[PDB]
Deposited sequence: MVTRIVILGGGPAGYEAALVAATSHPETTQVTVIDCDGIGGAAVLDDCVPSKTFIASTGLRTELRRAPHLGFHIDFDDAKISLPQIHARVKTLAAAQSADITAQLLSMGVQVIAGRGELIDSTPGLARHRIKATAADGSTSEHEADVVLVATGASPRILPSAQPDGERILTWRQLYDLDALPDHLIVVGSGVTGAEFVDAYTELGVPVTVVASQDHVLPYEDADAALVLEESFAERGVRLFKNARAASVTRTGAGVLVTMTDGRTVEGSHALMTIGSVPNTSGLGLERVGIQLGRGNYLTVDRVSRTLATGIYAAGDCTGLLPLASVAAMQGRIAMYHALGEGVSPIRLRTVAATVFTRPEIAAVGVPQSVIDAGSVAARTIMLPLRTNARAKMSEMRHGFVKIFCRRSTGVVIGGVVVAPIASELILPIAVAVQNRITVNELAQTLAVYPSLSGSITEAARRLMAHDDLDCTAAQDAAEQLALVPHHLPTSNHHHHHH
């Protein structure tokens, strides 16, 4: 009976407990210790709440679009009910899954409490919201505590007017004029969301683009998308402060530059939740930025102790958190282990249209660092695209020059988040464009355009 105690039940923590319970039923004993809610911030506060929200926003799009398709009060509070609700329901499903796999699930905060630094088998005191405490022996420990919203002391949030992304679903009415500070992917997604609801938005970006995408082609597509929809924009701006004004907020840059609005949404980074964990008791020193630096097999510098997800700093994606957790267990439980390769991550930006990519960026290729052949197929010639009235979406594919091995791709379409999977497995399993061009994809489908992109790179 090897004991596995996991601090945090978000995706790094939960998907880890799931691999441990499933693969080793009678050999192991898995204990998740989470303070805020199974599914973590991923499910109850950030990722699932933003996507649910964005998803809801869509409707207004397809409504203003029905008359030409032959078919002749937007109440914020209920949209929000759906958000808090679906989020809670996700969390409920996951809590169930864990329980039905023998996973012990405790509500409370965790902390290493090792009597001394060189112990092989560790100890974790779990303190409940119910005041009560409980200690647990652990052969394996996985620190999976996530991150919290970084906060600028010149822009301290309220929940009223200066808001972090978690406070949004607490607003009554749509804002009169939303000011998003911070460009970057999540700042972008909200600019697009609030834009679809009819809310005036002004972005305060660092560089030139409301969102600078490593793939130029797609980035330009969203830029046009934004101008054409009224997004206002401050290029090369750093919020010096965000004070509360008479009726709204006053955002002032470091240039002297200013912009007023009814609300300010702080879309800065996040910070690893890595304090008060006891890491000291076990000899661990947080690396730069306070992340718990981990290796390719998810392990910390102390023995038997693993770390995963946002608290480790690798990549702020729940998918990468899940795999790090999944990996830390395959390693500790003696199974095959394949380190996570940053270039096999599928990442998507949920704007309209979605941008998803996996593999070697086109820049890198256009710099001779990586030889490869490339193709960009415009989705307009595709009949499914046509039925979904897609106008500037395309599929890009990048393969090695000599072998035809798929090494990246970019997709800009309404469901790029799903169309990317196929290219990801190709990159992840050295599949050739020849092999890909061979798969009999469904007609009329957007994915048949993936199949031809590759068919065209054959050589």
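- Of the deposited sequence, positions 1, 74-79, 467-499 lack any modelled C-alpha atom.
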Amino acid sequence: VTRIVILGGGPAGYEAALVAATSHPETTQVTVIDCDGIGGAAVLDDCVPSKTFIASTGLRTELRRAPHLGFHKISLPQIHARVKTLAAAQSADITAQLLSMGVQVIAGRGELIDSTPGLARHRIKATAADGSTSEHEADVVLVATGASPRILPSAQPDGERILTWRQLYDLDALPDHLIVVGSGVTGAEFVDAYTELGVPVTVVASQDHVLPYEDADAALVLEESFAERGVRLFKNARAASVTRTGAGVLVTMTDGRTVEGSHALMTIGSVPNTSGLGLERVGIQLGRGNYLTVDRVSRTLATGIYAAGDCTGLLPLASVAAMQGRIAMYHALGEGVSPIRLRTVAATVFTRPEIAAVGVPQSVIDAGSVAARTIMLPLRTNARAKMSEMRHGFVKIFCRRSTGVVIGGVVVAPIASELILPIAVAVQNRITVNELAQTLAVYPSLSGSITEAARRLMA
From here on, numbers count along this sequence of modelled residues.
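- In this crystal structure, the stretch out of 171-179 and 145-153 whose C-alpha atoms carry the higher mean B factor is 145-153.
- Comparing the deposited coordinates for 340-348 and 244-252, the stretch with the larger average C-alpha B-factor is 244-252.
- Between the residues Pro272, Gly304, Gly368, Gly108, it is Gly368 that shows the highest Cα B-factor in the PDB record.
- Taking the PDB entry at face value, the top CA B factor among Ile74, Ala193, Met323, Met387 belongs to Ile74.
- Sort the modelled residues of the chain by CA B factor and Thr267 lands in the middle third.
- In the deposited entry, the Cα temperature factor of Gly287 sits in the top third of values across the chain's modelled residues.
- Among the modelled residues of its chain, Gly131 has a C-alpha B-factor that falls in the highest third, as given in the PDB entry.
- Ranked by Cα temperature factor within the chain, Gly409 sits in the lowest third according to the deposited record.
- Remark: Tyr330 belongs to the lowest third of its chain, ranked by C-alpha B-factor as recorded.
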